[PDB]
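Peer 1: Here it is: the structure, laid out below.
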Amino acid sequence: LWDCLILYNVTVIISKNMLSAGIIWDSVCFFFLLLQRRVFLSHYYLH
Amino acid sequence: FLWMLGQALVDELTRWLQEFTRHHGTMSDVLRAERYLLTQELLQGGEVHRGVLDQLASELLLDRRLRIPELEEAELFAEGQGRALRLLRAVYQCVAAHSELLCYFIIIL
Amino acid sequence: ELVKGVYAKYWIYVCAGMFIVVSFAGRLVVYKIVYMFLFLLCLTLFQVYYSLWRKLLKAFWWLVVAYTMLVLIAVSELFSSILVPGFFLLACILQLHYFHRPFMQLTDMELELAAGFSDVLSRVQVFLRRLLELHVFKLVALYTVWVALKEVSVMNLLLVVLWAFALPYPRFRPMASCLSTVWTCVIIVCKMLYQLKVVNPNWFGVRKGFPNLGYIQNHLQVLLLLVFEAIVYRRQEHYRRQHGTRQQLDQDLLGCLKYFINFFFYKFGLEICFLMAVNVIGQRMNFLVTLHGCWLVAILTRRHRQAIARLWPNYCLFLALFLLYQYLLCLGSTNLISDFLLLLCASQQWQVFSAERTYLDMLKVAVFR
């Protein structure tokens with residue numbers, strides 16, 4: 001589910017590349033999404 | 001000094017906020033003391049359930065355990081910063097207890 | 001008197017300044033090379049031996065003899081010539097007379113609390129300077145700025161054929177640097193005689209060296225940067241010749257800090273590259289970045305880091321080739337710097353992926369809940 005949200009964010013940025021508003025906020029989202037996807041550990045998050 | 005006065009008033013505020021959250025605080029001592037934790041470090045958890053629910057009617061006694069894995073582990077840094085940090089800690093406890101009232105306030109605002 | 005030995009060692013940089021006044025004077029071509037850039041090429045000589053840093057004395061010995069010969073033959077104007085190069089020949093002949101050793105045959109490879117903190121800080125920084133942090137990143141940053149964003153066309157040999165292949169494969173990272181010194185020395189030699197001699201307007205994106213000062217003003221900056229990096233490298237190379245991984249983590253805030261200062265890119269690098277690709281996409285929005293974005297999708301649909309690791313040599317290849325194409329498209333820009341940043345980062349992650357990998361509880365509460 002987190003990976004699908006990551007893909008949504010990716011596609012937004014990649015479709016904005018093929019324009020013819022900005023990716024700044026979508027990149028902040030990418031950072032945060034990637035951060036959380038990563039922190040789904042089998043150790044610290046398992047706690 | 002003005003600074004010193006503010007310090008005392010902050011502690012007065014913590015007390016007042018704790019009085020408001022009192023019931024919920026004790027309900028989170030018979031439940032959340034043996035629930036929420038997030039302090040265990042390193043790898044995984046060995047005794048999974050024994051390390052949480054079985055650890056350490058409204059006001060219960062030592063029916064479960066005493067304070068074997070440090071009851072004051074949480075109260076260490078908590079009381080360590082009885083100024084500043086604890087004011088915000090008391091604020092959170094109040095709004096966790098009275099979250100229904102918080103919702104109402106927001107909707108009329 | 002420490003300064004006695006300090007000044008017996010201080011002759012290379014002393015000569016450099018005198019060769020800077022030999023530059024833009026006498027012969028616009030000859031003088032500059034013979035004095036400044038052949039001393040800069042002798043610097044390269046000892047660096048390219050990778051064992052004789054500041055030990056090469058044979059060529060450095062005859063550097064002086066070459067300069068004496070020039071002065072004996074030739075160097076207002078009779079007098080000018082004389083005075084001016086005697087001024088540098090005086091210093092040069094003095095090394096030949098005495099104390100040639102401290103800089104060339106001695107530095108070899110073969111107060112209170114506040115001051116104490118200060119010197120420690122000097123050395124930690126220099127440790128990072130002798131680390132890849134400075135050995136490479138900072139150098140190539142300035143290189144890209146002064147090649148792609150600056151004089152384009154013929155400086156491709158100083159970037160897209162060098163660093164675009166040296167970044168992914170670090171085997172020839174220092175060799176690339178030495179060759180770079182040599183080549184920009186060659187570039188300044190060439191632009192010395194501008195281009196305005198009987199212009200009859202072979203084609204390599206000829207921009208022509210029309211200005212004097214402004215035109216010679218950037219290639220030398222990177223030449224000096226190479227030298228500076230080499231200095232800090234060989235300094236700690238001889239300081240080492242002569243003169244906590246997950247454990248500090250759970251200690252405290254200092255422990256967390258330490259761990260990550262030492263091991264950021266170790267783990268975060270992959271997520272970094274992914275976000276660096278987004279940066280390129282946003283600072284371009286062309287059709288060229290659809291390629292970057294397509295590769296992003298590819299390596300993001302590889303999920304498990306092990307599968308991304310076998311797609312990594314090809315990703316790094318793509319990035320390198322793309323930088324080269326981008327130049328050949330600008331010759332035969334700022335976007336080039338963005339693709340360089342992505343290359344640099346992903347190259348470092350390729351050198352980690354299949355290499356190096358093969359009260360604070362409240363903070364942990366935040367990130368971990």
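If you're wondering about the labels, chains in the structure tokens are A, B, ... by order shown, residues count from 1 in each chain, ligands from 1 in order shown.
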Please run DSSP on the backbone and report, as a PyMOL selection string, all residues within chain A that come out as helix (DSSP H, G or I).

Peer 2: chain A and resi 2-17+24-39

Peer 1: Since we have the selection now, will you write its residues out, keeping N, CA and C atoms, as a short mmCIF file (atom, residue, chain, number, x, y, z; two decimals), in the first residue's frame?

Peer 2:
data_model
loop_
_atom_site.label_atom_id
_atom_site.label_comp_id
_atom_site.auth_asym_id
_atom_site.auth_seq_id
_atom_site.Cartn_x
_atom_site.Cartn_y
_atom_site.Cartn_z
N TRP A 2 1.96 1.14 0.77
CA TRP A 2 2.88 2.24 0.77
C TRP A 2 3.61 2.29 -0.56
N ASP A 3 3.88 1.13 -1.14
CA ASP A 3 4.59 1.13 -2.40
C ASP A 3 3.71 1.64 -3.53
N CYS A 4 2.40 1.43 -3.43
CA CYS A 4 1.50 1.94 -4.44
C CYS A 4 1.37 3.44 -4.31
N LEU A 5 1.44 3.95 -3.09
CA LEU A 5 1.41 5.39 -2.91
C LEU A 5 2.69 5.99 -3.44
N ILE A 6 3.79 5.27 -3.30
CA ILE A 6 5.05 5.74 -3.86
C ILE A 6 4.92 5.81 -5.38
N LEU A 7 4.31 4.80 -5.99
CA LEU A 7 4.13 4.80 -7.43
C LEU A 7 3.22 5.92 -7.89
N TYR A 8 2.21 6.25 -7.11
CA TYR A 8 1.36 7.38 -7.46
C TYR A 8 2.21 8.63 -7.52
N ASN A 9 2.98 8.88 -6.48
CA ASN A 9 3.83 10.05 -6.45
C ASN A 9 4.78 10.07 -7.64
N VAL A 10 5.43 8.94 -7.92
CA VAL A 10 6.33 8.86 -9.07
C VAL A 10 5.61 9.26 -10.35
N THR A 11 4.45 8.66 -10.61
CA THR A 11 3.75 8.96 -11.85
C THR A 11 3.34 10.42 -11.96
N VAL A 12 3.00 11.06 -10.85
CA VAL A 12 2.67 12.47 -10.89
C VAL A 12 3.88 13.25 -11.38
N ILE A 13 5.04 13.01 -10.78
CA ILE A 13 6.26 13.70 -11.19
C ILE A 13 6.63 13.38 -12.64
N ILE A 14 6.51 12.12 -13.03
CA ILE A 14 6.88 11.72 -14.38
C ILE A 14 5.90 12.22 -15.46
N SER A 15 4.65 12.46 -15.09
CA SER A 15 3.69 12.98 -16.05
C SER A 15 3.82 14.48 -16.13
N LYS A 16 4.31 15.09 -15.06
CA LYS A 16 4.55 16.52 -15.09
C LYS A 16 5.81 16.81 -15.88
N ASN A 17 6.66 15.80 -16.06
CA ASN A 17 7.85 15.97 -16.88
C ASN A 17 7.39 16.12 -18.32
N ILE A 24 7.84 20.44 -6.79
CA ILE A 24 8.47 20.71 -5.51
C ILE A 24 7.76 19.97 -4.39
N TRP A 25 6.45 20.12 -4.30
CA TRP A 25 5.73 19.49 -3.22
C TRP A 25 5.68 17.99 -3.40
N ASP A 26 5.58 17.53 -4.64
CA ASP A 26 5.59 16.10 -4.90
C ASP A 26 6.93 15.47 -4.55
N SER A 27 8.01 16.24 -4.57
CA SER A 27 9.30 15.71 -4.17
C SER A 27 9.40 15.65 -2.66
N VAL A 28 8.78 16.58 -1.96
CA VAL A 28 8.76 16.51 -0.51
C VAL A 28 8.00 15.25 -0.15
N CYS A 29 6.89 15.02 -0.82
CA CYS A 29 6.12 13.81 -0.58
C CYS A 29 6.94 12.58 -0.87
N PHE A 30 7.66 12.55 -1.99
CA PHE A 30 8.51 11.41 -2.30
C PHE A 30 9.48 11.12 -1.18
N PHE A 31 10.14 12.15 -0.66
CA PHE A 31 11.06 11.98 0.45
C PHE A 31 10.36 11.31 1.61
N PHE A 32 9.23 11.87 2.04
CA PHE A 32 8.53 11.32 3.19
C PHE A 32 8.02 9.92 2.94
N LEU A 33 7.49 9.66 1.75
CA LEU A 33 7.00 8.34 1.42
C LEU A 33 8.13 7.34 1.47
N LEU A 34 9.26 7.69 0.87
CA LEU A 34 10.42 6.80 0.88
C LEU A 34 10.89 6.58 2.30
N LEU A 35 10.90 7.64 3.11
CA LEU A 35 11.32 7.51 4.50
C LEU A 35 10.48 6.49 5.23
N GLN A 36 9.16 6.62 5.17
CA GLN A 36 8.29 5.70 5.88
C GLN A 36 8.38 4.28 5.32
N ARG A 37 8.41 4.13 4.00
CA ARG A 37 8.55 2.80 3.41
C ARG A 37 9.77 2.15 3.98
N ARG A 38 10.84 2.92 4.10
CA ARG A 38 12.06 2.40 4.66
C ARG A 38 11.88 2.05 6.12
N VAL A 39 11.32 2.96 6.92
CA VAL A 39 11.22 2.69 8.36
C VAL A 39 10.28 1.57 8.74
#

Peer 1: Which residues of chain B come within 8 Å of chain A, and for each one, what is the closest pair of atoms and their distance in Å to one decimal, counting only C-alpha atoms, sorted by chain and residue number, as CSV?

Peer 2:
residue,atom,partner,partner_atom,distance
B:38,CA,A:47,CA,6.4
B:40,CA,A:47,CA,7.0
B:41,CA,A:44,CA,6.9
B:42,CA,A:43,CA,7.7
B:43,CA,A:43,CA,5.4
B:44,CA,A:43,CA,4.9
B:45,CA,A:47,CA,7.0

Peer 1: May I ask which of the residues B:61, B:94, B:78, B:88 is the closest one to chain C, counting only C-alpha atoms?

Peer 2: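 Once distances to chain C are computed over only C-alpha atoms, the minimum belongs to B:78.
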
Peer 1: Set out as CSV a contact list for chain C and chain A with a cut-off of 9 Å, giving each residue of chain C that qualifies its closest atom pair and distance in Å to one decimal, counting only C-alpha atoms, ordered by chain and rising residue number.

Peer 2:
residue,atom,partner,partner_atom,distance
C:271,CA,A:34,CA,6.7
C:272,CA,A:31,CA,8.7
C:274,CA,A:30,CA,8.9
C:275,CA,A:31,CA,6.9
C:278,CA,A:27,CA,6.8
C:279,CA,A:27,CA,7.9
C:281,CA,A:17,CA,6.4
C:282,CA,A:23,CA,6.2
C:284,CA,A:17,CA,8.0
C:285,CA,A:17,CA,4.6
C:286,CA,A:17,CA,6.6
C:287,CA,A:18,CA,7.1
C:289,CA,A:17,CA,7.4
C:290,CA,A:17,CA,6.8
C:293,CA,A:14,CA,6.1
C:294,CA,A:14,CA,8.2
C:296,CA,A:10,CA,8.4
C:297,CA,A:10,CA,7.5
C:300,CA,A:7,CA,8.2
C:301,CA,A:7,CA,8.6
C:303,CA,A:3,CA,8.5
C:364,CA,A:44,CA,8.8
C:367,CA,A:39,CA,7.8
C:368,CA,A:45,CA,6.1
C:369,CA,A:45,CA,7.3

Peer 1: Pull C-alpha atoms from the residues just selected and write them as an mmCIF file, in the first residue's frame.

Peer 2:
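Contents of part_33.cif, as written:
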data_model
loop_
_atom_site.group_PDB
_atom_site.id
_atom_site.type_symbol
_atom_site.label_atom_id
_atom_site.label_comp_id
_atom_site.auth_asym_id
_atom_site.auth_seq_id
_atom_site.Cartn_x
_atom_site.Cartn_y
_atom_site.Cartn_z
ATOM 1 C CA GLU C 271 16.750 6.684 -1.407
ATOM 2 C CA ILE C 272 19.038 9.609 -2.124
ATOM 3 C CA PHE C 274 15.870 8.206 -6.218
ATOM 4 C CA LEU C 275 15.316 11.752 -5.010
ATOM 5 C CA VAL C 278 13.436 13.665 -9.202
ATOM 6 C CA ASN C 279 15.621 16.759 -8.877
ATOM 7 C CA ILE C 281 13.373 15.769 -13.692
ATOM 8 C CA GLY C 282 12.222 19.021 -12.094
ATOM 9 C CA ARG C 284 14.711 20.153 -16.790
ATOM 10 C CA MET C 285 11.210 18.935 -17.730
ATOM 11 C CA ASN C 286 12.350 18.105 -21.261
ATOM 12 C CA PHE C 287 12.167 14.923 -23.271
ATOM 13 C CA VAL C 289 14.573 13.561 -18.653
ATOM 14 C CA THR C 290 11.841 11.147 -19.618
ATOM 15 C CA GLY C 293 12.314 9.087 -15.220
ATOM 16 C CA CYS C 294 11.833 5.815 -17.063
ATOM 17 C CA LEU C 296 13.565 5.720 -12.076
ATOM 18 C CA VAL C 297 10.405 3.696 -12.580
ATOM 19 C CA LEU C 300 11.667 1.554 -8.219
ATOM 20 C CA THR C 301 9.673 -1.393 -9.527
ATOM 21 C CA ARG C 303 11.544 -3.130 -4.873
ATOM 22 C CA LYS C 364 13.092 7.208 18.090
ATOM 23 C CA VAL C 367 10.485 8.478 13.588
ATOM 24 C CA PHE C 368 9.419 5.064 14.767
ATOM 25 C CA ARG C 369 5.676 5.366 15.432
#

Peer 1: Please report the interatomic distance between CA of residue 159 (chain C) and CA of residue 224 (chain C) in Å with one decimal.

Peer 2: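 Rounded to one decimal, the two atoms are 16.2 Å apart.
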
Peer 1: Using only C-alpha atoms, find which residues of chain C lie within 7 Å of chain B and jot them down as an MDAnalysis selection string.

Peer 2: chainID C and resid 250 359 361 365

Peer 1: Can I get the selection written as a short mmCIF file (atom, residue, chain, number, x, y, z; two decimals), in the first residue's frame, with N, CA and C atoms?

Peer 2:
data_model
loop_
_atom_site.label_atom_id
_atom_site.label_comp_id
_atom_site.auth_asym_id
_atom_site.auth_seq_id
_atom_site.Cartn_x
_atom_site.Cartn_y
_atom_site.Cartn_z
N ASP C 250 22.27 3.12 19.77
CA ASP C 250 21.36 3.09 20.91
C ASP C 250 21.91 3.72 22.18
N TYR C 359 16.35 9.59 26.37
CA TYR C 359 16.05 10.84 25.70
C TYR C 359 16.16 10.70 24.19
N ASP C 361 15.33 7.95 22.94
CA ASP C 361 14.22 7.05 22.69
C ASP C 361 13.02 7.88 22.32
N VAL C 365 10.93 7.59 19.07
CA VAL C 365 9.47 7.51 19.19
C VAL C 365 8.82 8.19 18.04
#

Peer 1: Applying 9 Å and only C-alpha atoms, which residues near residue 33 (chain B) remain after dropping the ones on its own chain fewer than 3 positions away? List them as a list in words.

Peer 2: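 Contacts, with the query itself left out: residues 28, 29, 30, 36, 37, 52, 53, 55, 56 and 71 of chain B.
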
Peer 1: Which distance in Å separates CA of residue 276 (chain C) and CA of residue 342 (chain C), to one decimal?

Peer 2: 5.6 Å
